[PDB]
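One structure is given below, encoded as structure tokens.
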Amino acid sequence: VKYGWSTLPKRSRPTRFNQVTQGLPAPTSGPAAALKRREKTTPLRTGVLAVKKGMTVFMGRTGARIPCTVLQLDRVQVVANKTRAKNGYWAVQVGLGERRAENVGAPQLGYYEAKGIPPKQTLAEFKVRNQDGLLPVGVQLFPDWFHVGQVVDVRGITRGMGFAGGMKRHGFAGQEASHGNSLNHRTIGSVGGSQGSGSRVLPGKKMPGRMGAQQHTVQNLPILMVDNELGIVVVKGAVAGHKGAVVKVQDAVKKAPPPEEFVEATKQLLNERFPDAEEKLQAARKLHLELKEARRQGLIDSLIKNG
Amino acid sequence: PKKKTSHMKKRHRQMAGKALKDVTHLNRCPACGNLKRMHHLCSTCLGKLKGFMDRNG
Amino acid sequence: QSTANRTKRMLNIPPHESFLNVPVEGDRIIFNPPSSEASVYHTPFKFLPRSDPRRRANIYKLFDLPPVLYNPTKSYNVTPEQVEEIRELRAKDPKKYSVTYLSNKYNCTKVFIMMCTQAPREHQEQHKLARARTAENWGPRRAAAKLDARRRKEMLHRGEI
Amino acid sequence: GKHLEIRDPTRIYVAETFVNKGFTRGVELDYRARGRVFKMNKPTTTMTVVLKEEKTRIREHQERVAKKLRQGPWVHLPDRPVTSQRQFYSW
Amino acid sequence: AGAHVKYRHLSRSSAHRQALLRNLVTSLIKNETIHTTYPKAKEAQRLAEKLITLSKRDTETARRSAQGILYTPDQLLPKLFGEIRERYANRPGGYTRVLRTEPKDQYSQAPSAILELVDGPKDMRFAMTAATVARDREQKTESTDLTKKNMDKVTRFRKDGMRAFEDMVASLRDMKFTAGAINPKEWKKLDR
Amino acid sequence: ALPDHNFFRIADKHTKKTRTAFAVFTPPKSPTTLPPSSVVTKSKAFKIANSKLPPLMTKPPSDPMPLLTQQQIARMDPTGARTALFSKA
RNA sequence: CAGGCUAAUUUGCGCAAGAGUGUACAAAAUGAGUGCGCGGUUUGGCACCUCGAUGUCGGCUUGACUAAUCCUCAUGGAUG
RNA sequence: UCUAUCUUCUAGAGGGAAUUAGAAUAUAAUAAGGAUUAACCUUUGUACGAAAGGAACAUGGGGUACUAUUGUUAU
RNA sequence: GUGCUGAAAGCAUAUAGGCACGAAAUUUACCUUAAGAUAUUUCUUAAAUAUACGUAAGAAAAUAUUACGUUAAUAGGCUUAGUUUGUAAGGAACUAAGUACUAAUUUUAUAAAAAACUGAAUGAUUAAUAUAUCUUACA
Ligand SMILES: [K+]
Ligand SMILES: [K+]
Ligand SMILES: [Mg+2]
Ligand SMILES: [Mg+2]
Ligand SMILES: [Mg+2]
Ligand SMILES: [Mg+2]
Ligand SMILES: [Mg+2]
Ligand SMILES: [Mg+2]
Ligand SMILES: [Mg+2]
Ligand SMILES: [Mg+2]
Ligand SMILES: [Mg+2]
Ligand SMILES: [Mg+2]
Ligand SMILES: [Mg+2]
Ligand SMILES: [Mg+2]
Ligand SMILES: [Mg+2]
Ligand SMILES: [Mg+2]
Ligand SMILES: [Mg+2]
Ligand SMILES: [Mg+2]
Ligand SMILES: [Mg+2]
Ligand SMILES: [Mg+2]
Ligand SMILES: [Mg+2]
Ligand SMILES: [Mg+2]
Ligand SMILES: [Zn+2]
């Protein structure tokens, strides 16, 4: 084997031929069984991409001081919906910020060209529970996407720390300071046993190396403030990363989804702020074919200088 | 060392990914046309202009 | 193995079951049709001259059909007068009256339209160039697989495949 | 495998090149601890360049191309040899 | 493990690094230009642009802080609050220009640069842009947009401006400085 | 219905020809504000924070921290006597 | 010295049987002198084997594994 | 006393073969690891008990923000 | 460990057969790295793309990773507001915002060779032929 208990060649595609409608037992693995054992945890609604702007305190009336982190939403749009019949799972692709057309590549320029969206800075997918979580492509998400008191999870890349030792990386105690120690104060000491333990270093052994610059999730962080004009969503506690880094905010998996009324009001606000999200998308898709066909033939110069 | 490194395992260490990289960031100089590094000042025109400003001024 | 003799024993394959029924007494001629492809020197009885005296019964007699693959049917729907119209149209507007247009109009096979008429040289040279300009858009990997298809077809007809 | 476009077949290029080692430039003494001394040989070396014209590369390419069109095409069912001889028929 | 470096340490002690920067800024004013390594030219560039900012202040504290950076104030302060103060009176910052150059020391092959004072008697970009214009006129070529963009940079804030630039071009053509210059139309036909 | 867009062109440096061009979409130049939403929900557990929506598809203030400190000071000090009692005067 | 073979002995255990104790009543608990065993920790025997040792071991750093369980979790028996 | 050659190990890279012409971006099945403690109040001082004593079960103890909950005063 | 139904074996039995309760252990869940199928009405006919160089950084032993390069706020400078020092003076490592003042800056830099086989479905264009004889036509 290479990964797990399967000896199947990686180039073989037998999935469609083993169907439960033919009387076979529903497999315990596979995309279907993976979604069924995550149905409760999976968030009902999509998330938003936000930029960490700094830390502060939320002073409340009558005496409450609550340390909080400020996350700003900078033109958060819906770029693509990942359905189960096309991708194998439900998710929404969200975009953040903007990027200069010259820096965006042609493969991606034609990707946004087929949607009517300006090129974004970053893209990220948020898994939703079912088809009710998919939103129209091209709608902007504002801080009001959440409500005050709603607990969320913030996923961000932690601060980089380069090559760390044993103390900072794994919390090793180190050795003595002055009682005869010899050049071994912050070193890791023993790395194993002897011939009875395999005459080798055991896989998974803790050693110095690079630390940081990895994704970290902080769960169950309430929402203390929601300001649309500023574009910020103030969350309690600390968040991973530096100021100016993009983080992913979504409902908490270990907490019940927001009430049915809220999940519907937020969806009802996208139909008001953007009454025509499909007409603007179908028009962009209709234009992409004309330009894609002009590029193929080689007459793209004519359309550019048409008006 | 426990053993002597063979001709194969020593040739891997010496040349596998350690081939000298060809400098390709070369542009011509506007004043004289001579080849120079990109974003850098011509060495033959620097000395000549640097000496031309020392005689007359 | 260690020796060549030891290798011959590990790689042994026994002879056919038929050869292992040795007669205890006397000699016997047995029928052992082999499970192999017959050569072209085993002339079928239909290709033997009536004069030839070796046309015996099957050796089985001395002791439905498979699925169709290609059963064509020839049809003659073009009268002599219609062969003159094909020669007029083709020579008048060879771009509008192609062999496909004329084939569908007269209900004929595309090859036949070429048997009775030929496009002007200017038009013929225009077709070879189009396919010649198409053979320059092929990379080294596609142009090598397109040449192999042309060699495997000539080899097939030389008895080499 | 590098693709070139030769407009001047007389252009000189570096066909071959190898480095050899020559005599010993000098000898330095390495004074270590414990009154130990070691000899350090200063090396001198040479290089050989074999210069050829671009006509050699245009000829060597035509040979490689002719050797690739001489190995024949790929056939689906090849006639591989059976390398064991036995004094009986197995079929 | 700790914080990042605030600036370059240049493998020197604290006091040795404060004297190295005061010497490069002293030679920059005295000579109007210096040819040193790139990391040294980029660390003194921040101290030379802050010393010319003190020369544009009317307080006495600036006159005392300028005395605490130079190493011969009695001989260089009159030049700082004199010629230099008048030169950079109307410029909003950016008084120095660091230009990358080929190694000054070939032994170590350490990348070098040229730190200079813009609009100065030894401005190397004002002369290199004058040599380009001299060649273009002397070969009936058309200046490139980058040459036109550099021609205006070296003549916008300069006192004489275009007149001083046309004189440099005239002095480089009467000297035949552009003799043997490869025409820009023959650069695509050259390999060596 | 077709939103505004501009064309980005990728040209060759060898032949000076258009290799491929795309229609880059740009957000509305004049930002369009919309009337107040009519979605009113009554629930004790939550409130929709749709008080003041900004113009659609516009960059928010880069530094909301100093703007946020003046919102809490104006909420924790509606008069200013506390802010002035420790000012630099 | 460690490793190797053995298991007399052990501060390592299990099972079988049941004199006896348990006011009564063998097996709630308890279990004389014994039998059948597992295991390789202590003290030993041997000597295949020259090597880091005579307290063969202590502390520190860092482990990995075992389960015959001190704590935390589920649970049968207990005229006692 | 020892500047680590080899295997193992911790990190990070050069090249690569991919259903296969090559890419940009977002990515699933799956794989390998990580996290892993305990206590206290709360039973109608209830069941049980002559009394002295005294449980099991279950809920809650995120809020001087939201919310939940319990009180306090005003309507 | 504790049950329901229930026979072999008229009884009994949570024994076979048919259902079930049940632990800090296991599995999932949760989190991270890895994996790289797939997706886009995505791009590319000698490119798409990547690299190099230059200004850098949420990255950092090298390498790699993530931006930017004038149609530009990447870094430095300058300016204002903060913060700090202190006489509400004078300064300043620092933070934020603004500002093209300085540097991303010389005349087609480098790498990238680029659509296999069989079956099925479905188009376009074309002599996609053979045999007899040595002359034939024109002037
Ligand atoms: K020490
Ligand atoms: K039981
Ligand atoms: Mg960092
Ligand atoms: Mg310590
Ligand atoms: Mg082993
Ligand atoms: Mg080993
Ligand atoms: Mg000595
Ligand atoms: Mg040094
Ligand atoms: Mg000192
Ligand atoms: Mg008794
Ligand atoms: Mg126990
Ligand atoms: Mg009991
Ligand atoms: Mg090594
Ligand atoms: Mg996964
Ligand atoms: Mg617990
Ligand atoms: Mg309260
Ligand atoms: Mg029964
Ligand atoms: Mg029963
Ligand atoms: Mg496509
Ligand atoms: Mg290119
Ligand atoms: Mg570095
Ligand atoms: Mg700046
Ligand atoms: Zn020059």
Single residue of A:254, A:248 found to be within 30 Å of residue F:56 (Cβ to Cβ) and away from ligand 23 (no atom under 16 Å from the Cβ): A:248
Consider the range A:275-295. How many of its residues are surrounded by fewer than 14 Cβ atoms within 10 Å (Cβ to Cβ), at the interface with chain F (Cβ under 10 Å from one of its Cβ atoms) and more than 31 Å from the chain's Cα centre (by Cα)? 1
Being more than 30 Å from residue E:191 (Cβ to Cβ) and among the acidic types (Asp, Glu), is that true of even one residue in the range D:12-19? no
Condition test on residue A:137, is it away from ligand 3 (no atom under 16 Å from the Cβ), within 14 Å of chain F (Cβ to nearest Cβ) and more than 30 Å from residue F:6 (Cβ to Cβ)? no
State yes or no: is residue A:163 surrounded by 10 or more Cβ atoms within 10 Å (Cβ to Cβ), of a type in the set (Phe, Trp, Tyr) and in a strand (DSSP E or B)? yes
Test residue F:27 against the criterion of being closer than 27 Å to residue A:98 by Cα and either out of contact with any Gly (no Cβ under 8 Å at 6 or more places or on another chain) or more than 7 Å from chain A (Cβ to nearest Cβ) (or both), and give yes or no. yes
Would you confirm, using the coordinates I've provided, whether residue A:94 is surrounded by 17 or more Cβ atoms within 10 Å (Cβ to Cβ) and in contact with a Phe, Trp or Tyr (Cβ under 8 Å, 6 or more places away or on another chain)? yes
Name the pairs whose Cβ atoms lie under 7 Å apart, with the first residue in the range A:237-260 and closer than 13 Å to residue A:221 by Cα and within 14 Å of chain F (Cβ to nearest Cβ), the second more than 16 Å from ligand 4 (Cβ to nearest atom) and among the β-branched types (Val, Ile, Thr), and 6 or more positions between them or separate chains? A:251/A:152; A:255/A:151
Looking at the range A:64-82, can you tell me whether even one residue there is facing chain F (nearest Cβ under 10 Å) and among the basic types (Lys, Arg)? yes
Could you grab me the full set of residues in the range A:143-160 that are in a loop (DSSP other than H, G, I, E, B), facing chain F (nearest Cβ under 9 Å) and of a type outside the set (S, T, N, Q)? A:146, A:147, A:148, A:149
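Let's see how each residue does on (1) within 14 Å of chain C (Cβ to nearest Cβ); (2) assigned to a loop (DSSP other than H, G, I, E, B):
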| position | (1), (2) |
| --- | --- |
| D:19 | no, no |
| D:38 | no, no |
| D:61 | yes, no |
| D:75 | yes, yes |
| D:81 | no, yes |
Any residue that is within 20 Å of the chain's Cα centre (by Cα), surrounded by 16 or more Cβ atoms within 10 Å (Cβ to Cβ) and more than 7 Å from chain E (Cβ to nearest Cβ) - is there at least one of those in the range B:7-27? no
List pairs: first residue in the range A:179-193 and within 14 Å of another protein chain (Cβ to nearest Cβ), second residue aliphatic (A, V, I, L, M) and more than 9 Å from ligand 1 (Cβ to nearest atom) anywhere in the structure, Cβ distance under 8 angstrom, at least six positions apart or on different chains. A:186/A:167
For the range B:32-55, does any single residue satisfy the condition of being part of a loop (DSSP other than H, G, I, E, B), among the polar types (S, T, N, Q), within 23 Å of residue E:110 (Cα to Cα) and more than 8 Å from chain E (Cβ to nearest Cβ)? no
Members of the range C:1-24 that are away from chain D (no Cβ under 11 Å), under 45 Å from the mean Cα position of the chain (by Cα) and assigned to a loop (DSSP other than H, G, I, E, B): C:21, C:22, C:23
Evaluate the range E:37-52: report whether one residue or more is farther than 30 Å from residue E:107 by Cα, among the β-branched types (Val, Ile, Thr) and over 21 Å from the mean Cα position of the chain (by Cα). no
Residue ID - nearest to residue E:50 (Cα to Cα), chosen from residues in the range E:82-111 that are surrounded by 14 or more Cβ atoms within 10 Å (Cβ to Cβ) and aromatic (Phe, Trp, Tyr): E:95
Residue under evaluation residue F:73, criteria (1) more than 7 Å from chain A (Cβ to nearest Cβ); (2) more than 30 Å from residue A:150 (Cβ to Cβ), criterion not met: (2)
Evaluate the following for residue C:148: is it of a type in the set (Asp, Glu) and either within 16 Å of ligand 3 (Cβ to nearest atom) or surrounded by 12 or more Cβ atoms within 10 Å (Cβ to Cβ) (or both)? yes
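Reconstructed Cβ throughout: ideal geometry from the backbone, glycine too, with neighbour counts over all protein chains shown. Read the figures in this text as sums done on the coordinates, not as results from a lab.
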